[PDB]
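Participant: My structure file input.cif, mmCIF, C-alpha atoms and all ligand atoms, is below:
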data_work
#
loop_
_atom_site.label_atom_id
_atom_site.label_comp_id
_atom_site.auth_asym_id
_atom_site.auth_seq_id
_atom_site.Cartn_x
_atom_site.Cartn_y
_atom_site.Cartn_z
CA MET A 1 -15.36 -5.70 -6.13
CA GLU A 2 -12.99 -4.41 -3.46
CA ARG A 3 -10.68 -1.56 -2.58
CA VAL A 4 -7.05 -2.37 -3.16
CA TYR A 5 -3.96 -0.46 -2.08
CA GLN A 6 -0.87 0.03 -4.22
CA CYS A 7 2.59 1.12 -3.16
CA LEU A 8 3.45 4.38 -4.94
CA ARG A 9 6.96 2.97 -5.40
CA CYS A 10 6.69 -0.29 -7.35
CA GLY A 11 3.05 0.18 -8.23
CA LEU A 12 2.27 -3.04 -6.40
CA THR A 13 -1.38 -3.35 -5.43
CA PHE A 14 -2.68 -5.47 -2.56
CA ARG A 15 -6.21 -6.48 -1.63
CA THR A 16 -5.51 -5.83 2.06
CA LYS A 17 -3.67 -3.12 4.01
CA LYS A 18 -1.64 -5.73 5.88
CA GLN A 19 0.13 -6.83 2.69
CA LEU A 20 0.48 -3.17 1.76
CA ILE A 21 1.97 -1.99 5.03
CA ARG A 22 4.37 -4.90 5.43
CA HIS A 23 5.64 -4.19 1.91
CA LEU A 24 5.83 -0.42 2.45
CA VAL A 25 7.91 -1.19 5.54
CA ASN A 26 9.92 -4.04 3.98
CA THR A 27 10.95 -2.78 0.57
CA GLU A 28 10.16 0.94 0.44
CA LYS A 29 11.50 1.42 4.01
CA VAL A 30 8.29 3.28 4.85
CA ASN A 31 7.24 3.33 8.50
CA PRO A 32 3.51 2.67 9.16
CA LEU A 33 3.06 6.22 10.47
CA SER A 34 4.26 7.62 7.14
CA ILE A 35 2.44 5.24 4.78
CA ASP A 36 -0.14 7.84 3.71
CA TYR A 37 2.10 9.18 0.93
CA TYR A 38 3.36 5.84 -0.37
CA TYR A 39 0.06 4.03 -0.54
CA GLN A 40 -3.06 4.80 -2.54
CA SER A 41 -6.55 3.38 -2.08
CA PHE A 42 -8.30 2.34 -5.28
CA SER A 43 -11.58 0.51 -5.80
CA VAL A 44 -11.70 -2.22 -8.43
CA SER A 45 -14.52 -4.46 -9.62
ZN ZN B 101 6.65 -1.42 -3.38
#
Can you turn what I pasted into structure tokens?
Ligand SMILES: [Zn+2]

Facilitator:
Amino acid sequence: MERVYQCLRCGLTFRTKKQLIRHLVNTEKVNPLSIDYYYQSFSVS
């Protein structure tokens, strides 16, 4: 029961934004100020 965040590139979902952002930056070359388009917040039980 938490809100996870997936990268809109690989579809990879993380349980924390830290894992999300570091992956957005690392693989999808997305800078943290531009993450809003490449990450989506979804709540899962
Ligand atoms: Zn990705």

Participant: Neighbouring residues of ligand ZN 101 (chain B) are defined here as those with any atom at most 7 Å from a ligand atom, counting all atoms listed in the file; list them as a list in words.

Facilitator: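 My answer, listing the contacting residues, is residues 7, 8, 9, 10, 11, 12, 23, 24, 27 and 28 of chain A.
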
Participant: Of the residues A:36, A:43, A:1, A:26, which is the one nearest to residue A:13, using all atoms listed in the file?

Facilitator: A:43

Participant: Report as a CSV table (one decimal) with C-alpha atoms, keeping the file's coordinate frame all protein, DNA and RNA residues lying within 9 Å of residue A:42, evaluated on all atoms listed in the file, omitting residues in the same chain fewer than 3 positions from it.

Facilitator:
chain,number,residue,atom,x,y,z
A,2,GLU,CA,-13.0,-4.4,-3.5
A,3,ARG,CA,-10.7,-1.6,-2.6
A,4,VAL,CA,-7.0,-2.4,-3.2
A,5,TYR,CA,-4.0,-0.5,-2.1
A,6,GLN,CA,-0.9,0.0,-4.2
A,13,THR,CA,-1.4,-3.4,-5.4

Participant: Which residues, written as a PyMOL selection string, have at least one atom at most 10 Å from residue A:35, with only C-alpha atoms counted and residues fewer than 3 positions away on the same chain left out?

Facilitator: chain A and resi 7-8+20-21+24-25+28-32+38-40
